[PDB]
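J.: 3D model of this:
(one chain, ligands or ions: 1)
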Amino acid sequence: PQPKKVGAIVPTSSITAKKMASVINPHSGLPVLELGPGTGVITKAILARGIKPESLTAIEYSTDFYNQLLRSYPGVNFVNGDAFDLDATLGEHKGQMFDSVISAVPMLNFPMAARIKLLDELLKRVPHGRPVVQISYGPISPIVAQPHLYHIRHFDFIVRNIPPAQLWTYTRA
Ligand SMILES: CSC[C@H]1O[C@@H](n2cnc3c(N)ncnc32)[C@H](O)[C@@H]1O
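T.: Numbering: from 1, shown residues only. You can find the structure just below:
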C-alpha cells in the first residue's frame, strides 16, 4: 500500500538534533549560527547546551515559521531571510565570528554551485578549524568535495530519523 508523508516532511528527530548541537563549544565565548530553524527542534537542542539565547542567531526564510519562533523562543536572535544571502541577513562581514554553524537548510533544493559558494562564505565567519554541520539524506555529501576550499568529514548516521539522517561536517582547508 501507498505510504504518506514521503520524503523529509516531518520534523527532525530529537536524537539527530542533539548530535548536530554536540559540535558546539559553549565555553568559547562566541555565538552560534543556525540555518533553517523551522519548528525549533534544533534550536531547542542548541539552547540545551547552555548557549545564552541572545548568542544564538537563526536564519529562517518562512515568515510564518519566523513569527512562531519569536513567540516560542524569547531572546533568540531570529532573522527572517535567505541563508544564501549572508550580507542581507547578517550584514557585510566586518569581523563577527561564530563558534560553529548548524545547518538544516534543504541543500538539494539548490544548485550545487550555490551550495559550494554558501559553504565557502560560512567558513569565512567561523575561526579556522571550526565546523559547519549539515543534515542530509542521500549516501553522499550534499556538497561535493573541493579540497582546496574545505575538508569533508562524515559525522554520524541516525537510523531512527524519518528518513534516516546523515550528518556531515565541513572545515576550512
Ligand atoms: C527544518 S526544514 C528546512 C527549513 O529551512 C527553511 N529554509 C529553507 N531554505 C531556506 C533558506 N535559503 N534560508 C533560510 N531558511 C530556509 C525552511 O523554511 C524550513 O523551515
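J.: can you tell me the SS state at residue 2?
T.: Three-state call for residue 2 (DSSP: H, G, I helix; E, B strand; the rest coil): coil.
J.: kindly apply the preceding question to residue 169 instead.
T.: strand.
J.: what parts of the protein come near the ligand?
T.: Contact residues (Cβ under 6 Å from any ligand atom) of the chain with the ligand: 36, 38, 59-62, 65, 82-84, 104-106. From N, CA and C alone the C-beta is placed, and that goes for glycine too.
J.: ok, whichever residue of the chain sits closest to the ligand - how many residues close by?
T.: Distance from the ligand to each residue of the chain (Cβ to the nearest ligand atom) is smallest for residue 36, at 2.6 Å. The tally of other residues near residue 36 (other Cβ atoms under 10 Å) stands at 19.
J.: my guess is it meets residue 66, correct?
T.: No. Taking Cβ atoms under 8 Å as the definition, residue 36 is not a contact partner of residue 66, at 11.1 Å.
J.: any common contacting residues for these two?
T.: Common contacts of residue 36 and residue 66 (Cβ atoms under 8 Å, 6 or more residues apart in numbering): residue 60.
J.: now do the phi/psi pair for the residue nearest the centre of the chain.
T.: Centroid-nearest residue in the chain: residue 103, 1.2 Å away (criterion: Cα atoms, centre = their mean). Note on residue 103: backbone dihedrals following degrees, to the nearest 10 are phi -120, psi 120.
J.: residues touching residue 55, list them.
T.: Taking Cβ under 8 Å, 6+ apart, one finds 30, 31, 32 in contact with residue 55.
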